[PDB]
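> One structure follows; several queries about it will come next.
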Number of protein chains: 4
Amino acid sequence: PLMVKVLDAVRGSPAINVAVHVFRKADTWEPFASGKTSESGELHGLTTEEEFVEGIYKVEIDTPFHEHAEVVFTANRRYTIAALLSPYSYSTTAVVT
Amino acid sequence: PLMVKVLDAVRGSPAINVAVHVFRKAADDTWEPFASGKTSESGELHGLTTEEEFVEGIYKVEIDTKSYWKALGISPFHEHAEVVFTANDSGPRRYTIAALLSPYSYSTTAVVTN
Amino acid sequence: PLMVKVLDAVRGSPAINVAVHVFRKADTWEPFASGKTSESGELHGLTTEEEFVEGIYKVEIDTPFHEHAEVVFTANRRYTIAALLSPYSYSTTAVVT
Amino acid sequence: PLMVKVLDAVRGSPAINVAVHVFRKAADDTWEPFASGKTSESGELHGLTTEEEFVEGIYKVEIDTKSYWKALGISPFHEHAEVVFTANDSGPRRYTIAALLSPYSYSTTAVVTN
């Protein structure tokens, strides 16, 4: 029900072996799921539909400048959270089907 | 030293009266409130901080986009647009966080000057 | 060797049934390939590796404001041209593997 | 009535001295040269046209990004960043084309004011 795809805007490639942390809003953040992006820049199998209940979720992407993406959304369909990384910028898109 | 500029990609206009919250990471890893405001008619927010108070650290900028879109009659995806970055670790710099907003997508760009 | 994916940033969905025209630089533009995006917002089978030779290509995406994406690049790997559409903005990303 | 602003997402800075070419579609569907210039130290380009000459029509803005990146020591994907749009079909408006550049990605946003 939830997938994450990370792309590298400098190289035009998947961002590989990037640590991704997913949190669910308790109201502090409690760890929900995590992994490292694959060769395709993807992270699948983070959760099941049974455990991916309604609530607020945060996707953190931990890769001369340090910045960090934090994607916060209400969920519950299938969700793809895409992020495109640059040294001084990122973009994120949600595809909900 | 710290400003925020927000554009609306649905209207092709500045995003006006968008709430922005800035936090700074404290030594014990909590987020302390640092500054807040709302964007002007030009989609800009100035006066968040002074050079004295904007010390080296890790800062989190949250742009309250859900409230913005809903007031426009759009049901958006994200709660906020958010970015975390390290500031002033090579001495004082001036930072503009430039955000481009769509209901299901956003970008945040740091424009850093010396 | 060449695929195109179109997304809708207002709806968080594939952009479906959007006409896409591909041109190759002759130096005017001559039609190289075209189609309409599928249910997944994708356009596959535009060309074969044999015919996708080195050169300059242009991908045109024809969907109170009218604007139009034109993505121009030198090719020749596999190329994914992604575009994300908004009423007054678009983004495009190239993933080359 | 027509300005261009360009940011560099690799350097987190304005994109300076980037060539920009604007074209207008003629009645017989050819593209006629309309205006050109280079961005300033602030990444901005003004003075492309006057209100008189910026009539209703379809305009194409090309930002010469390949030359820009290569001078920086980056091998980019695109030849240019390009956008085609209809201008002034509801009477005169002022347009800013705001571009955000990375080697393998860009966005172009029209900020339209009355």
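Cβ atoms come from the backbone with ideal geometry, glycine included; neighbour counts cover every protein chain shown. No lab work stands behind these numbers, since they all come straight from the coordinates.
> Go through the range B:5-33 and count every residue that is more than 18 Å from D:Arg94 (Cβ to Cβ) and in contact with a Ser or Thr (Cβ under 7 Å, 6 or more places away or on another chain).
Residues flagged as more than 18 Å from D:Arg94 (Cβ to Cβ) and in contact with a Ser or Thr (Cβ under 7 Å, 6 or more places away or on another chain) within the range B:5-33 amount to 8.
> Just the residues that are under 16 Å from the mean Cα position of the chain (by Cα), of a type in the set (A, V, I, L, M, F, W, C) and within 14 Å of chain C (Cβ to nearest Cβ), please, taken from the range B:70-114.
Within the range B:70-114, B:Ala81, B:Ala98, B:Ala99, B:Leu100, B:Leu101 qualify.
> May I pose another question? Looking only at the range C:53-92, count how many residues are on the phi < 0 side of the Ramachandran plot and either in contact with a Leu (Cβ under 6 Å, 6 or more places away or on another chain) or small (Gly, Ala, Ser) (or both).
9
> Please determine, by comparing only the residues of the range D:1-55 that are over 19 Å from D:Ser67 (Cα atoms) and basic (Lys, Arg), which one is surrounded by the most Cβ atoms within 10 Å (Cβ to Cβ).
The extreme case among them is D:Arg24.
> Determine, yes or no, whether A:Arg24 is over 27 Å from D:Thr65 (Cα atoms), surrounded by fewer than 17 Cβ atoms within 10 Å (Cβ to Cβ) and basic (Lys, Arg).
So A:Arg24 does not fit the description; no.
> Looking only at residues that are more than 13 Å from the chain's Cα centre (by Cα) and of a type in the set (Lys, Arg) in the range A:1-49, which one is farthest from the other protein chains (Cβ to nearest Cβ)?
Within the range A:1-49, the match that is farthest from the other protein chains (Cβ to nearest Cβ) is A:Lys25.
> Say we look at the range C:71-87 and pick out the residues that are in contact with a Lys or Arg (Cβ under 7 Å, 6 or more places away or on another chain) and surrounded by fewer than 22 Cβ atoms within 10 Å (Cβ to Cβ); which of these is farthest from the other protein chains (Cβ to nearest Cβ)?
C:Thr80
> List the strands (runs of 3 or more DSSP E) that sit entirely inside the range D:25-114 and contain at least 3 residues that are of a type in the set (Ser, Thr, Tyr).
Those strands (runs of 3 or more DSSP E) span D:94-102, D:105-113.
> Let me ask something else. Taking the options D:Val55, D:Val83, D:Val4, name whichever one is of a type outside the set (D, E, K, R) and in contact with a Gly (Cβ under 9 Å, 6 or more places away or on another chain).
D:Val4
> A follow-up question, please. Checking C:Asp8 against (1) farther than 19 Å from A:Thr93 by Cα; (2) surrounded by 21 or more Cβ atoms within 10 Å (Cβ to Cβ); (3) among the charged types (D, E, K, R), which test does it fail?
The number of the failed condition is (1).
> May I pose another question? If you go through the range C:7-28 one residue at a time, do you hit one that is farther than 16 Å from C:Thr63 by Cα and basic (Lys, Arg)?
Yes.
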